[PDB]
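Undergrad: Got an experimental structure here, sequence first:
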Amino acid sequence: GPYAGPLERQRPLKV
Amino acid sequence: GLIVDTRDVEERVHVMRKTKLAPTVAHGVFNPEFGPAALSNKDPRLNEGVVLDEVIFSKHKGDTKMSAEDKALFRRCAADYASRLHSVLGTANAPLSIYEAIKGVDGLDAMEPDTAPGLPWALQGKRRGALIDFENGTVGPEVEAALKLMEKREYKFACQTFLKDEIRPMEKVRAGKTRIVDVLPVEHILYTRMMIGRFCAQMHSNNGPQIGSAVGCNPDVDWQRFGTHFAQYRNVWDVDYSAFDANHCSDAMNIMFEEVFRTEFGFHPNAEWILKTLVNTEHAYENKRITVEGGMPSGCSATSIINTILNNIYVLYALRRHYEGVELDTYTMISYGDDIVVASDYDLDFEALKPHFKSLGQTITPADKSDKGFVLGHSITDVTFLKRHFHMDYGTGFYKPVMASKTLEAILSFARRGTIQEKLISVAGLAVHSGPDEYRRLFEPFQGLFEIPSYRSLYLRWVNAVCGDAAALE
Ligand SMILES: [Mg+2]
Ligand SMILES: [Mn+2]
């Protein structure tokens, strides 16, 4: 794996 | 981008801190290859004497300069994508009122009540609320002043560099690859979404493969819509970028802003200008004040939308730089910042597109790290979009977003103190797609201690979410 990490962010938040 | 000058001048913006992420009862059971990001250069879990400051700003490999022919090609692609963009979104991109910038319209969310205000408000010791009446809809003294210096092109600022307090893979934690947020002055954030607010709201509402944007999507319900579209195609690609934000060249940035946010499409003459200020930035990191040419601050307003637009133009730019007579209907794509899923009935060679992305300064690798060779034939059930895998639900027959069990173990293993219960509810909505058995195992350490929603209560809710008829028909 390069810079792309498995666990960080989904979306920003809820719509 | 290119760092033009490193300077230690006067003040010291304290950004050094301890993580508020505490290990949970899950951590002892799962023991993930994951941990909180290093937020101090004297962290014992860092690799042999590696300076945290050194690695953080090492993403700036320079600012790739494009030739007059590459510029003319990128412009055509930027004009063509913007033509598609504004043809489906409309030209109702008029300036947003001071009120609507705070409260947000249909699609665009309200500005955050009290987050980091930026500069020079942090060098003063005051909040977002101490500057802007978020309850009302209007601003305070210096903000309505800053509004007018932005209006008159006079305004100049400095980006405050934050440290991202988050769970990261232990390899990246040890290497000290802590991600960073460039918190801009709150007046900049306000005025940006004054200029491009309705556009950003239209982007969110019209999210899909047509605009090439997943920004505004609800992965819980939209996975069915996305999953069916990309299943029709012969070849699907899972493209990966290396520091996508920092590597946007000044030539590509300026041209995109010049072509998408024109006054012809209904924008204010200061829509192009306010976004152009993001090209050459000043970064305040403690005692250091560093000027950066190229790349884009990872934390500004509409940062996900700008990168999505750029990612869309990049794919079109690269394919036209390699193949003959490439149009927008030759392929189809959806992107969220750097996250991207490409599809085409054509057998396109992405192994040959590498250097055409390098002309922009971007490095494309396959997300599936195996032999790092862009292979053909991959389907929708192979790609990882938004950390979510595309899976056919065996109960209803709809697409569902499944996260890898190792990732879900990582989220549950670490949480800020006194948030466990609300985070268990929130993560349970993400974990329900992993199956009835996995849901049980993932939440097993929490039984008797916290309230865990029954697998059925979240499944029946999800069925109503994807299609309101789907629950009623069964
Ligand atoms: Mg970043
Ligand atoms: Mn990433």
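TA: Right, received. Where do you want to start? Numbers count the residues shown, from 1 in each chain, chains lettered A, B, ... in the order given. Ligands and ions are numbered 1, 2, ... in the order given.
Undergrad: Count the residues that sit near residue B:366.
TA: By other C-beta atoms under 10 Å in any protein chain shown, the residues close to residue B:366 number 18. Every residue, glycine included, has its C-beta placed from N, CA and C.
Undergrad: Contacts only, for the residue nearest to it when sequence neighbours are not counted.
TA: Nearest residue to residue B:366, sequence neighbours excluded (C-beta to C-beta, 6 or more residues apart in numbering or on different chains): residue B:374, at 5.4 Å. Taking C-beta atoms under 8 Å, 6 or more residues apart in numbering or on different chains, we find residue B:374 in contact with B:237, B:349, B:350, B:351, B:353, B:364, B:366.
Undergrad: By neighbours, which of those residues wins?
TA: residue B:237 leads the contacts of residue B:374 on contacts (other C-beta under 10 Å) with 27 neighbours.
Undergrad: For it, which three-state class applies?
TA: Reduced to three states with DSSP: H, G, I helix; E, B strand; the rest coil, the structure at residue B:237 is strand.
Undergrad: who's in contact with residue B:344?
TA: By C-beta under 8 Å, 6+ apart, the neighbours of residue B:344 are B:233, B:234, B:235, B:330, B:331, B:332.
Undergrad: can you give me phi and psi for the fifth one?
TA: Put plainly, it is residue B:331. phi -130, psi 180 (degrees, to the nearest 10).
Undergrad: Disregarding residues adjacent in the polypeptide, which is nearest to residue B:303?
TA: With C-beta to C-beta, 6+ apart, the residue lying closest to residue B:303 is residue B:296, at 6.8 Å.
Undergrad: Equivalent analysis for residue B:196, please.
TA: Excluding its sequence neighbours, the residue lying closest to residue B:196 (C-beta to C-beta, 6+ apart) is residue B:271, at 5.7 Å.
Undergrad: quick one: contacts for the one you found?
TA: So residue B:271 contacts B:93, B:195, B:196, B:261, B:263 (C-beta under 8 Å, 6+ apart).
Undergrad: would you list every one of the strands in the stretch 1-150 of chain B?
TA: Ranges of strands within the stretch 1-150 of chain B are B:2-13, B:21-23, B:34-36, based on DSSP state E, counting those that start in this stretch.
Undergrad: Including distance to chain A and mean neighbour count, could those strands go into JSON lines?
TA: Formatted as JSON lines, the strands of the stretch 1-150 of chain B follow (distance: least, C-beta to the nearest C-beta, whole Å; neighbours: other C-beta atoms under 10 Å in any protein chain shown):
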{"stretch": "strand B:2-13", "distance to chain A": "18", "mean neighbour count": "13"}
{"stretch": "strand B:21-23", "distance to chain A": "12", "mean neighbour count": "15"}
{"stretch": "strand B:34-36", "distance to chain A": "6", "mean neighbour count": "22"}
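Undergrad: Nearest to residue B:319 among those strands would be which one?
TA: strand B:2-13 (27.2 Å; C-beta to C-beta).
Undergrad: ok and the residue in chain A nearest chain B?
TA: Residue nearest to chain B within chain A: residue A:7 (4.5 Å; C-beta to the nearest C-beta).
Undergrad: just checking, that residue touches residue B:384?
TA: No. Counting by C-beta atoms under 8 Å, residue B:384 is not a contact partner of residue A:7; they are 11.9 Å apart.
Undergrad: More neighbours: these two, which one.
TA: A direct count of neighbours by other C-beta under 10 Å for residue A:7 and residue B:384 places residue A:7 higher, at 23 against 18.
Undergrad: so the more buried one, which of the three states?
TA: Look at residue A:7: counting by three-state DSSP, its state is coil.
Undergrad: show me the contacts for it.
TA: Neighbours of residue A:7 in contact, by C-beta under 8 Å, 6+ apart: B:34, B:167, B:168, B:169, B:387, B:407, B:410, B:411.
Undergrad: Quick check: bridge partners of the second one?
TA: Taking DSSP bridges as the rule, residue B:167 bridges to residue B:36.
Undergrad: can you pull the contacts of it?
TA: For residue B:167, the contact set (C-beta under 8 Å, 6+ apart) comprises A:7, A:8, B:21, B:34, B:35, B:36, B:37, B:410, B:411, B:413, B:414.
Undergrad: Which member of those residues is positioned nearest residue B:15?
TA: Nearest to residue B:15 out of these is residue B:37 (C-beta to C-beta; 12.6 Å).
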